[PDB]
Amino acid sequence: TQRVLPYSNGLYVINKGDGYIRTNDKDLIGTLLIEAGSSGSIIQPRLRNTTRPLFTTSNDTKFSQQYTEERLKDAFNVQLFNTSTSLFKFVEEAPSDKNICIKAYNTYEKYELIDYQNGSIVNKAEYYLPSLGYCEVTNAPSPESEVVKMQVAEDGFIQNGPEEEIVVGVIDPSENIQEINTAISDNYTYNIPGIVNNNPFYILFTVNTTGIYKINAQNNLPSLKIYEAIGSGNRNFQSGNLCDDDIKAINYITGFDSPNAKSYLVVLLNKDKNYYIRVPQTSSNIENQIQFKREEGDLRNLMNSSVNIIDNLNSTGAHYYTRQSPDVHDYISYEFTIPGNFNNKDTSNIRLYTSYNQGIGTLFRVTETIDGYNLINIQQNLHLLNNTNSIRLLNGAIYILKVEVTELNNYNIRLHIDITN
């Protein structure tokens, strides 16, 4: 009954909430018994600035405390771990009727650092950042009930703060960040430099005018991913140039991790934002280029998604293609050619369906003119999950299927393209 985490490969820092306390009173500051009418206070005055963060890792050599702290700084801009100048204080006035107790606990804000790879966590660290306390008030204990013995609880935490799950992706520090210093207009070709050979790396770039862009490598290989720098473009600005604010907190937009898969990106970019492209590890010594193109035509209908180029569709029968499933309400696209000669008459029966994930699909007929690529919407509201409906398409023709995930039941999405005749 585990949730499906449709996260892209990479690092994530997760704020799992505030007000965590350890078990067995390990973080009890103390209790005050306040008589009726009176008041009582418990104070953390910061006469000393020292705090005691808690840390556990599954991998001391990669996710060390130093590394984990740098990741929390990348994500949420935390900078004080050992120290604090922030005071907290709890005050309670007991009502005129009865006496009152207040218990004060030290608390922690829980951060989880994960390395997520191909559908599971491969590295995990928990960092409990010292917080600003928890105060529970109760009625005064009566004499004496009776003391009932209790075994200690297992080691662990209890949250007393509100529910919270804030997920922030972060730049992998082991990978280089190259920059495109000039803002991108209608076209741009980025040559992949030898300074970053073979290893995966990021490309930081911005755009001149808000619009939809097609991004890809030569022959759509390898597949790329694109991120948005969270909170970028709110500050320093130079017309037609990139302003790097050293933001390592990233929002995944679209893109596959499988590098041998042909694909291209169609994304809406804001001129007041910075974006990261991640190009993966390539096992070839051949020179490559990242191409940027502003889309003014029908290709705009594919935002935001990666478009898979399907090549092996040259015989009839059953064919399937597996990719990482987009999250709910996100898109994935497929460009394919019906096998056979295009003679504008010969046709084949095509059945498109998914195996586990429910998706709404729209089918486009693709024709390239001297004005660019034209998309004719020929099928709408296709419900893909175990779809038995079939349609007759032209042999040798080119089609694009755009799929919106609506029910995420599997980490992967499996598209089937069954062809008969």
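Numbering starts at 1 and follows the sequence shown.
Higher mean CA temperature factor between 193-201 and 150-158: 193-201, per the PDB entry.
Legend: mean Cα B-factor per stretch from the PDB entry, 207-215 versus 137-145; the higher mean is in 137-145. Highest C-alpha temperature factor among 345, 124, 89, 323 per the entry: 345. The PDB entry assigns its highest CA temperature factor, among 341, 263, 77, 337, to 341. Per the deposited record, the Cα B-factor of residue 259 falls in the highest third when ranked against the other modelled residues of its chain. The entry lists a Cα temperature factor for residue 235 that places it in the highest third of the chain's modelled residues.
In this PDB entry, the Cα temperature factor of residue 372 sits in the top third of its chain's modelled residues, the highest group. Ranked by C-alpha B-factor against the other modelled residues of its chain, residue 98 falls in the highest third. Per-chain ranking of the deposited C-alpha B factor places residue 115 in the lowest third.
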